[PDB]
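Protein chains in written order, with my numbering: chain A, 3 to 50; chain B, 113 to 210; chain C, 26 to 74; chain D, 1130 to 1373; chain E, 330 to 378; chain F, 7 to 55.
The structure under discussion appears below in the form of structure tokens.
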Amino acid sequence: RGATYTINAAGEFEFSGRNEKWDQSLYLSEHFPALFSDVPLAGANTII
Amino acid sequence: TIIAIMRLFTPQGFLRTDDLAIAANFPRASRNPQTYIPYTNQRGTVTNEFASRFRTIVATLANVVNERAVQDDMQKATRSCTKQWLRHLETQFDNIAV
Amino acid sequence: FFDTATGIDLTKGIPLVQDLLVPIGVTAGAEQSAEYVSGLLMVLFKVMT
Amino acid sequence: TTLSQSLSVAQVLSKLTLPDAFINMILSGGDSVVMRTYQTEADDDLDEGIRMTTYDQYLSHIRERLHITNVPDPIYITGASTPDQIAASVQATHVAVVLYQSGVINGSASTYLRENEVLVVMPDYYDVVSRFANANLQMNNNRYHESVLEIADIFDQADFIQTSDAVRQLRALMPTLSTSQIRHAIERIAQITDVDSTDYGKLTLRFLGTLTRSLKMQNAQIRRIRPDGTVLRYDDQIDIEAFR
Amino acid sequence: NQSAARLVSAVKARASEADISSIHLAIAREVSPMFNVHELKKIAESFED
Amino acid sequence: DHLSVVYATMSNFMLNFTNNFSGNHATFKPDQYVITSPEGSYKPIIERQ
């Protein structure tokens, strides 16, 4: 699904689909941490 | 099973031509001078794709040493200290595969 | 009121401040005409404060 | 113990940008663009005519100040534009600025652009007379007066650009300024008026404590930005009223 | 206890650093403004055992 | 019982003037105000430096 996700202006979660390490320079930007999305995904319900 | 364990000795490399040696017009003893570099450069990756090969080798070797252990009903403690060591080679391989 | 504490020199009739808006790139004695303009600022600044 | 430590910070920094604020209130309209004035008929002045500036000049000075004053974008006059439509852009965007796109602007709108002094923004000074329907045939490619146009001459707000009759005189008496002379003017008023401070107030100013002269304060406002990195316009429903 | 020596070497090992009284400081971080972006003290772990 | 009433009164102080959290980790970001200027570069408030 992705390691970062952005907020679409209509309100949907646009997951990036890339495996990247987080840095705190991305804290000011539009990307979020994907573990804290609280969005259930099929098959990975234990990580959620 | 014997063929399956011999699929763990396979190399994890690529086949690079001698691009800087042919253009330098150096002596070579073949038609296409190609050497075998053991592992690809791994820039920008979170999970290292060469260290993850050793994850899947030990996961097969921890099933070979488990079936050999329970065939001779050895201790739970003497088997657990083997598999703790087999994943201590997991951790020490991640430090150097970078 | 516009005493020597605020750097306004009312001796010559007009307010004069020495080193507030000096013009650059001129002869070293040609900055006196810009003192009246800086003098009107510190009069405006003192009424405002 | 915490009230007197909170007041003595809010007292100090309220007067710390006090000489920062005074000079930039006087010079809030000191910025200027380079316009041209193409004369249109026989025996005109240097300033009577169509007032025109470039898109590269528009994008720096004028466009960044229309996204602050929260107006729509000015319209693209395309040659088929009636002078009612240009009046719909002066009444929407409170400055008389219109953008050019293409076409040949007719002489009906050319009489409108002369009387109301509407600033026409061109993308280039490349064959300028051919873009107008020169029916009177007095407008020439080499007939203009490239003069400056200050920002206070085209804008007027109560709390954004100080442009009254008094400050209009003082910028005419000031010499040719710079970003090194305005920085000298702030360091001189800070030398004259040494501010008051309590026992806790001096402890904060020697803690921060020296760098002030980095940020420009010309028409400085408080706005939000996107996480992209672009400055958003003001919104009546998201920001507090004190930031408008 | 001997069998929990693998556990107590990771609790003490974590426990030993965090400073006191940074505990007093932190509580002030749960309601201060943020002007510099905070960042995590580097916890280099392996998640082996 | 005793930490919570300290957070309820430290959040009413004068200089703690920003909202800090809004319940959900999934959407909250601090509002990034800047000091914009048409004659210079904007300087952000919340800025990792």
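Note that CB positions come from ideal geometry on N, CA and C, so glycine has one too.
query                                                                                                                  : result
Per-residue contacts from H1190 (chain D) into chain F (C-beta, under 9 Å)                                             : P44, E45
With 16 other Cβ atoms within 10 Å as the buried cut-off, status of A1287 (chain D)                                    : exposed
Boundaries (first-last residue) of the alpha helix (DSSP H) holding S63 (chain C)                                      : 58-73
Below-7 Å beta-carbon distance, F38 (chain A) vs any chain F residue                                                   : yes
Anticipated Cβ contact below 8 Å, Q1310 (chain D) with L46 (chain C), distance rounded                                 : 6 Å
Strand pairing of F126 (chain B), partner residues [DSSP]                                                              : B:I149
CA-to-CA distance, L120 (chain B) to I114 (chain B), given in whole angstroms                                          : 10 Å
Through-space distance from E45 (chain F) to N18 (chain F), alpha-carbon basis                                         : 37 Å
Chain-ordered neighbours of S361 (chain E) on chain F, where CB pairs are closer than 7 Å                              : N22
Chain E contact for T203 (chain B) (CB, 7 Å cutoff)                                                                    : yes
Exposure of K1331 (chain D), with buried meaning 16 or more beta-carbon neighbours within 10 Å                         : exposed
Residue-level contact to chain F via CB, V337 (chain E), 7 Å cutoff                                                    : no
Proximity of residue 1426 (chain D) and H1196 (chain D) at Cβ, strictly below 7 Å                                      : There is no way to answer for residue 1426 (chain D), as the model of chain D reaches only from 1130 to 1373.
Strand pairing of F17 (chain A), partner residues [DSSP]                                                               : A:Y7
Cβ-Cβ distance between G1208 (chain D) and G1232 (chain D) below 7 Å                                                   : yes
Contact the segment 1333-1342 of chain D vs the segment 9-17 of chain F: 3+ CB pairs below 8 Å                         : no
Residues that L30 (chain A) contacts on chain E, provided the C-beta gap is smaller than 8 Å                           : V366
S345 (chain E) classed as buried or exposed, judged by whether at least 16 other C-beta atoms fall within 10 angstroms : exposed
Residue from D:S1189, D:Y1229, D:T1305, D:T1169 with nearest C-alpha to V51 (chain C)                                  : D:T1305
For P1212 (chain D), three-class secondary structure by DSSP                                                           : helix
Integer-rounded CB distance, given that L1228 (chain D) should sit under 8 Å from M1164 (chain D)                      : About 14 Å separates the two Cβ atoms, so there is no contact after all.
Residues bridged to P35 (chain A) (per DSSP)                                                                           : A:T6
Proximity winner among B:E202, B:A163, B:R128, B:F162, relative to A174 (chain B) (alpha-carbon distances)             : B:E202
Other residues of its chain near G32 (chain C): CB distance less than 6 Å, five sequence neighbours each side excluded : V42
Reference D37 (chain F); option with closest CA among D:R1355, D:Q1366, D:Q1350, D:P1148                               : D:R1355
Buried versus exposed, by CB contacts within 10 Å (16 or more), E368 (chain E)                                         : exposed
Exposure of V41 (chain A), with buried meaning 16 or more beta-carbon neighbours within 10 Å                           : exposed
Any alpha helix (DSSP H) of 4 or more consecutive residues that is wholly inside the segment 151-191 of chain B        : 163-182
Chain D contacts from the segment 30-45 of chain C (Cβ-Cβ distance under 7 Å)                                          : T31, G32, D44, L45
Partner residues on chain A for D1364 (chain D), Cβ-Cβ distance less than 9 Å                                          : Within chain A, no residue comes near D1364 (chain D); the closest Cβ sits about 14 Å away, beyond 9 Å.
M118 (chain B), DSSP secondary structure in three states                                                               : coil
Buried or exposed (CB count within 10 angstroms, at least 16 for buried), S1259 (chain D)                              : exposed
Residue(s) in a DSSP beta bridge with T1341 (chain D)                                                                  : Per DSSP, none; premise fails for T1341 (chain D).
Top-ranked residue by Cα proximity to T33 (chain F), from A:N47, A:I50, A:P35, A:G4                                    : A:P35
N1263 (chain D) to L1147 (chain D) span [Cα, whole Å]                                                                  : 53 Å
Contacts that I41 (chain F) makes with chain D (C-beta to C-beta distance below 7 Å)                                   : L1344, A1349, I1351
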